[PDB]
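Down below is the structure, laid out as structure tokens.
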Number of protein chains: 2
Amino acid sequence: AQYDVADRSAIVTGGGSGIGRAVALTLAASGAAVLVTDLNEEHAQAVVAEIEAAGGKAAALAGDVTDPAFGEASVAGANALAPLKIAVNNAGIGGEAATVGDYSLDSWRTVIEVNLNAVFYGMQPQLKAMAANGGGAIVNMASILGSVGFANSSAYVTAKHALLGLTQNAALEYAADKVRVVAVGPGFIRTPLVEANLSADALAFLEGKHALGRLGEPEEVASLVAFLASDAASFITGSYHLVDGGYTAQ
Amino acid sequence: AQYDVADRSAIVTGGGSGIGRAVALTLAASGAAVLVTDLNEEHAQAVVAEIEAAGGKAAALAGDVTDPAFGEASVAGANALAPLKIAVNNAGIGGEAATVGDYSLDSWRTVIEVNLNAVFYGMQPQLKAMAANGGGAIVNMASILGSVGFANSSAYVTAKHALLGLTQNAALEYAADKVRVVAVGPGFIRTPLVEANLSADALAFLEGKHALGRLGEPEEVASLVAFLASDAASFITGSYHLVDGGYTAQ
């Protein structure tokens, strides 16, 4: 079931694996020219390879979203493929597993730098670009933890909470330039990253806290992002959109 | 009338003026020992002077909440007056007035640093301290802009959004130590600063956006903080509490 998203380029920050990868492939298959951005070049390229192999169009750009210069570069790169109309700010990281009191300052600043500032840095030329060439859609990977909290993952939830405000505000200011901005809110998704660190017993626990009694799969998050990034979602801006098997309904 | 808040000390960061000042005096009058923290010594001291003069106990501490060392210092200071319960993290700042796109990197990092990180830095020894001496209550000055957005004040709303998550999460992990953590959400408050820097036509606009058809007064915010910081509010932790003349109900 394809999404309108054609004739456009899309930046998929942290697109080398998991959700970002799913998002990259899903957009790509619906005609989108995807710039797969990632810290790991080998991962970013493997995805581009998958896209191309399945008929699609795509280029890789390995770097650090924390560096504002990398944001303008991703824009100019994607923009070289086709007019930039989508941007999925997916790149995030878990911080130290500890209480607010015990939390290292480095870890806290780091998690915020990646999960929140990088988004902002990236969003800046994204917004100017889409505003120039007629409109578009920025999708920010928030989380369930943008509206609820989770013991020992302070920095994560704080940053994910901050996206919602950044999203809202960007949506207000660039609505009149027909640039939409939305925030997706996944629950716990089984990505190889989440699966690699976190036990069998641990994941069982988190499963039980979702109404569906399982974790989400990356494609399940990718569908909603693909939709929201498309012309099909042309009256949706500023809003936060859960995909959490009824995690927050409790 | 009075709030339970006696026997103990309270930190009121940014307590030299406006809301913080109102909060300082209100707690002080109900028996609380208040540590009035501010960037200005002359302002912080004027308040201490007012408290002492009206029968109360208070000490001043001028510094920068950005500096984590200043957080431990405020704790040990307040704690010298009386065991520490109550902490009102009020200190914040407005950033540059511009779009997300045009926003300077300095300004954005600054407002985040003050409006979000400083709170976190401060909260850390606040939490360990109250957790040691039996329990207490941290009140974080969020805003209406922690749940809605406001054109050109991107960084502000993003940071105010982040407090809600920081609040929620701290509340979860130190609930069992009987340390409550809540977030207050004022609407536009008529402080002497706000009146000077804002036009007749501008104020008309902001007033009209509140259901009560006026801006709040600092004491109106101070009442709810005083209450939440008291033993009277002993089943309130993790929650966000609006005082906005029905700004967000629209």
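As shown in the structure tokens, the chain order sets the letters A, B, ...; within each chain, residues go from 1, and ligands are also counted from 1 in the order they appear.
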Residues near residue 203 in chain B, anyone? I mean within 10 Å using only C-alpha atoms, not counting same-chain ones fewer than 4 positions away, as a short mmCIF file (atom, residue, chain, number, x, y, z; two decimals) with N, CA, C and O atoms, in the first residue's frame.
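Result saved to out-v3.cif:
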data_model
loop_
_atom_site.label_atom_id
_atom_site.label_comp_id
_atom_site.auth_asym_id
_atom_site.auth_seq_id
_atom_site.Cartn_x
_atom_site.Cartn_y
_atom_site.Cartn_z
N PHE B 188 0.90 33.93 30.49
CA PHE B 188 1.58 35.22 30.53
C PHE B 188 1.26 36.02 31.80
O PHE B 188 0.11 36.41 32.03
N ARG B 190 1.93 39.28 34.29
CA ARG B 190 2.17 40.74 34.25
C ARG B 190 3.24 41.07 35.29
O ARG B 190 2.88 41.37 36.45
N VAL B 194 7.85 42.53 31.79
CA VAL B 194 6.95 42.26 30.68
C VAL B 194 6.26 43.53 30.18
O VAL B 194 6.10 43.70 28.97
N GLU B 195 5.86 44.42 31.10
CA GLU B 195 5.10 45.62 30.76
C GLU B 195 5.93 46.63 29.95
O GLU B 195 5.45 47.23 28.99
N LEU B 198 7.04 45.43 26.09
CA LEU B 198 5.89 45.02 25.31
C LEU B 198 4.91 46.19 25.17
O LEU B 198 4.65 46.92 26.13
N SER B 199 4.36 46.35 23.96
CA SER B 199 3.54 47.51 23.58
C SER B 199 2.12 47.50 24.14
O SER B 199 1.70 46.52 24.74
N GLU B 207 -3.55 39.55 26.25
CA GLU B 207 -4.68 39.56 27.18
C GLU B 207 -5.86 38.81 26.53
O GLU B 207 -6.47 37.94 27.16
N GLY B 208 -6.15 39.16 25.27
CA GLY B 208 -7.24 38.57 24.51
C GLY B 208 -7.16 37.06 24.31
O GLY B 208 -8.17 36.42 24.01
N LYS B 209 -5.95 36.50 24.46
CA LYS B 209 -5.67 35.07 24.28
C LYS B 209 -5.89 34.25 25.57
O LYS B 209 -5.82 33.02 25.54
N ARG B 214 -7.22 38.95 30.81
CA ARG B 214 -6.08 39.69 31.43
C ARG B 214 -4.90 38.73 31.62
O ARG B 214 -5.09 37.51 31.50
N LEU B 215 -3.72 39.29 31.92
CA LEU B 215 -2.56 38.49 32.28
C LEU B 215 -2.64 38.19 33.77
O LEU B 215 -3.29 38.91 34.52
#
Self-check item: Non-local contacts of residue 158 in chain A (12 Å; only C-alpha atoms; under 5 positions in same chain excluded) as a ChimeraX atom specification
Solution: /A:94-95,100,108-109,111-113,115-116,142-153,163-165 /B:112,116-117,119-120,146,158-170
Keeping only C-alpha atoms, write the selected residues as a JSON list (two decimals), in the first residue's frame.
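Below you can see out-v6.json, which holds the result:
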[["chain", "number", "residue", "atom", "x", "y", "z"],
["A", 94, "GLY", "CA", 19.96, 6.01, 24.79],
["A", 95, "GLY", "CA", 22.00, 7.58, 27.57],
["A", 100, "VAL", "CA", 18.40, 11.82, 37.70],
["A", 108, "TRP", "CA", 23.03, 14.12, 29.88],
["A", 109, "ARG", "CA", 24.56, 16.80, 27.54],
["A", 111, "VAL", "CA", 21.83, 12.57, 24.88],
["A", 112, "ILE", "CA", 20.38, 16.08, 24.57],
["A", 113, "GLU", "CA", 22.94, 17.00, 21.87],
["A", 115, "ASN", "CA", 18.27, 13.52, 20.56],
["A", 116, "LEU", "CA", 17.33, 17.22, 20.57],
["A", 142, "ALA", "CA", 9.80, 11.51, 19.28],
["A", 143, "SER", "CA", 8.62, 8.58, 21.42],
["A", 144, "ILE", "CA", 6.05, 7.44, 23.96],
["A", 145, "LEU", "CA", 8.67, 9.00, 26.28],
["A", 146, "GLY", "CA", 7.84, 12.46, 24.85],
["A", 147, "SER", "CA", 4.55, 12.27, 26.80],
["A", 148, "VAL", "CA", 5.35, 9.76, 29.60],
["A", 149, "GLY", "CA", 8.44, 9.02, 31.69],
["A", 150, "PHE", "CA", 10.49, 5.89, 32.31],
["A", 151, "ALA", "CA", 12.63, 5.34, 35.41],
["A", 152, "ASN", "CA", 16.42, 5.77, 34.87],
["A", 153, "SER", "CA", 16.11, 7.13, 31.30],
["A", 163, "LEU", "CA", 10.90, 17.56, 20.31],
["A", 164, "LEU", "CA", 7.13, 18.02, 20.82],
["A", 165, "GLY", "CA", 7.63, 21.74, 21.52],
["B", 112, "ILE", "CA", 18.39, 25.40, 26.66],
["B", 116, "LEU", "CA", 16.58, 23.09, 30.92],
["B", 117, "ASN", "CA", 20.11, 22.00, 31.90],
["B", 119, "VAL", "CA", 17.22, 22.89, 36.29],
["B", 120, "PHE", "CA", 18.63, 19.38, 35.87],
["B", 146, "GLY", "CA", 5.50, 23.36, 27.91],
["B", 158, "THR", "CA", 11.24, 23.38, 23.51],
["B", 159, "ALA", "CA", 13.02, 23.81, 26.86],
["B", 160, "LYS", "CA", 9.72, 24.33, 28.75],
["B", 161, "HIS", "CA", 8.48, 21.12, 27.07],
["B", 162, "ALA", "CA", 11.59, 19.30, 28.31],
["B", 163, "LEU", "CA", 10.92, 20.19, 31.96],
["B", 164, "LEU", "CA", 7.65, 18.16, 31.87],
["B", 165, "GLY", "CA", 9.62, 14.99, 31.02],
["B", 166, "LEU", "CA", 12.39, 15.76, 33.51],
["B", 167, "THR", "CA", 9.70, 16.42, 36.13],
["B", 168, "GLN", "CA", 7.75, 13.22, 35.31],
["B", 169, "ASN", "CA", 10.86, 11.04, 35.41],
["B", 170, "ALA", "CA", 12.35, 12.46, 38.64]]
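The gap separating CA of residue 140 in chain B from CA of residue 102 in chain A is 19.2 Å, in Å to one decimal.
Closest approach to residue 22 in chain A among A:86, A:222, A:105, A:233: A:222, based on only C-alpha atoms.
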Practice problem: Based on DSSP run over this structure's backbone, return all residues of range 94-138 of chain A in strand (DSSP E or B), as a PyMOL selection string. | Solution: chain A and resi 98+136-138
How about saving the chosen residues, N, CA, C and O atoms kept, as a PDB file, in the first residue's frame?
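Full text of out38.pdb as output:
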ATOM      1  N   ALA A  98      20.704   5.337  34.686  1.00  0.00           N
ATOM      2  CA  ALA A  98      20.834   5.763  36.076  1.00  0.00           C
ATOM      3  C   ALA A  98      19.800   6.825  36.447  1.00  0.00           C
ATOM      4  O   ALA A  98      19.116   7.386  35.580  1.00  0.00           O
ATOM      5  N   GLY A 136       6.410  21.057   2.088  1.00  0.00           N
ATOM      6  CA  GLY A 136       6.961  19.761   2.446  1.00  0.00           C
ATOM      7  C   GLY A 136       6.539  19.350   3.852  1.00  0.00           C
ATOM      8  O   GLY A 136       5.599  19.915   4.425  1.00  0.00           O
ATOM      9  N   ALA A 137       7.248  18.358   4.403  1.00  0.00           N
ATOM     10  CA  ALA A 137       6.894  17.746   5.671  1.00  0.00           C
ATOM     11  C   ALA A 137       8.124  17.248   6.417  1.00  0.00           C
ATOM     12  O   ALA A 137       8.884  16.421   5.908  1.00  0.00           O
ATOM     13  N   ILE A 138       8.312  17.764   7.634  1.00  0.00           N
ATOM     14  CA  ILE A 138       9.343  17.291   8.539  1.00  0.00           C
ATOM     15  C   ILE A 138       8.668  16.385   9.563  1.00  0.00           C
ATOM     16  O   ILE A 138       7.656  16.753  10.158  1.00  0.00           O
TER      17      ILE A 138
END
Self-check item: Those of range 116-243 of chain A in DSSP helix (DSSP H, G or I), formatted as a VMD selection string
Solution: chain A and resid 116 to 132 144 to 146 154 to 173 192 to 196 200 to 208 218 to 228 231 to 233
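Picture a line from CA of residue 55 in chain B to CA of residue 179 in chain B; it runs 28.2 Å.
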Quiz item: Near range 126-129 of chain A, within 7 Å and counting only C-alpha atoms, which residues show up once chain neighbours fewer than 5 positions away are dropped, as a list in words?
Solution: residues 75 and 84 of chain A; 101 of chain B
